[PDB]
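Step one of this worksheet: look at the structure below.
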Number of protein chains: 2
Amino acid sequence: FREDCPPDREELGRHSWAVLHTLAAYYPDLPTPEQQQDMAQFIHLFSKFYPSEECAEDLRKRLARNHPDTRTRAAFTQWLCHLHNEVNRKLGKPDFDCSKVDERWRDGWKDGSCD
Amino acid sequence: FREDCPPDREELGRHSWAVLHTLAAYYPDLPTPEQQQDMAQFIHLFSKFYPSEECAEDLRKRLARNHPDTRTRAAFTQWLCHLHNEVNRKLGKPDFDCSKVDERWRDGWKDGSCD
Ligand SMILES: Cc1cc2nc3c(=O)[nH]c(=O)nc-3n(C[C@H](O)[C@H](O)[C@H](O)COP(=O)(O)OP(=O)(O)OC[C@H]3O[C@@H](n4cnc5c(N)ncnc54)[C@H](O)[C@@H]3O)c2cc1C
Ligand SMILES: Cc1cc2nc3c(=O)[nH]c(=O)nc-3n(C[C@H](O)[C@H](O)[C@H](O)COP(=O)(O)OP(=O)(O)OC[C@H]3O[C@@H](n4cnc5c(N)ncnc54)[C@H](O)[C@@H]3O)c2cc1C
């Protein structure tokens, strides 16, 4: 009942996905080489500091199997959506339909339900 | 009424502070030089990608006035709390008492109200 408490593993995850997907959503469609490098490093460093040890370890192993594609906004928003679906699948959750990532994290549902 | 919508500036901020303060809260008390460097760069790169343009610009100017202290968990959790209070003050919000940052973001209130 008290809101202003340290987030548990689940609440930190929902915050963290919101942050990651929203950052990805506004990433350039034609990012410069430095931007492409900087976003790869950001994600690397996120994985180093993520504070749930079980989450961060599994994450670092995934990232070794699957390097972030930061070539464009389209590639990177998709990459990250596929990343998040691995974790969903691991945890017994359904796949999120990655064709919806712009509606979900940038533009709002096309039916106007976020307006 | 629909939860699964792109966060607005305020909702992204509350997610982002939760992430930043929770990362800081679990940062080492005696971090290695590389960890100290990595956390400085993480914060730098966060400021590059933060997607509210007005927020990110003001943030990058603050960070130029006030470089992150990543020497220890104590110094860095305090630094970040002072950073967040600048933004609070800017926006007409009261100061958060920085002596409470461990209770708020790591340990829970000492009265046990998060238990
Ligand atoms: C990097 C990272 C690693 C994690 N690793 C673990 C772990 O190893 N073990 C563990 O127990 N927990 C882990 N978590 C926490 C976990 O992934 C969830 O955040 C938590 O279980 C709560 O899940 P949820 O059902 O509320 O929705 P979440 O998975 O938090 O998702 C939040 C919202 O994102 C949207 N969404 C869902 N899937 C996608 C997608 N693929 N692409 C774009 N949007 C999507 C949906 O709207 C959903 O409601 C991790 C979190 C992060 C950020
Ligand atoms: C890096 C960054 C820069 C931003 N810049 C702007 C900007 O320029 N203009 C703008 O309008 N919005 C900005 N925001 C959004 C803004 O700071 C708030 O997140 C948003 O206004 C909602 O505020 P809130 O009252 O819900 O609480 P928030 O400020 O989001 O705080 C969330 C919670 O953190 C705790 N808290 C509050 N202060 C501290 C503290 N100092 N230390 C530790 N914990 C604390 C409290 O429990 C509070 O409920 C920024 C957000 C971030 C993350």
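Easy rule for this one: first residue shown is 1, then count along the chain.
Header lists the method as X-ray crystallography, 2.0 Å.
For all residues, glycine too, the Cβ spot is worked out from N, Cα and C.
Positions annotated as FAD binding site by Swiss-Prot, on the basis of experimental evidence: B:9-17, B:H21, B:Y50, B:81-93, B:104-105. Classification of B:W17 (FAD binding site) by DSSP places it within a helix. Counting only same-chain residues at least 6 apart in sequence, those with a Cβ under 8 Å from the Cβ of B:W17 (FAD binding site) are B:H84.
Taking the Cβ of B:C81 (disulfide bond) as reference, residues of its chain lying under 8 Å away and at least six apart in sequence are, in sequence order, B:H21, B:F96, B:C98, B:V101. The disulfide bond annotation in Swiss-Prot covers B:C81-B:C98.
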For ligand 2, the recorded positions of B:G13, B:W17, B:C81, B:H82, B:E86 whose CB is under 6 Å from one of its atoms are B:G13, B:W17, B:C81
For B:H82 (FAD binding site), the three-state DSSP class is helix
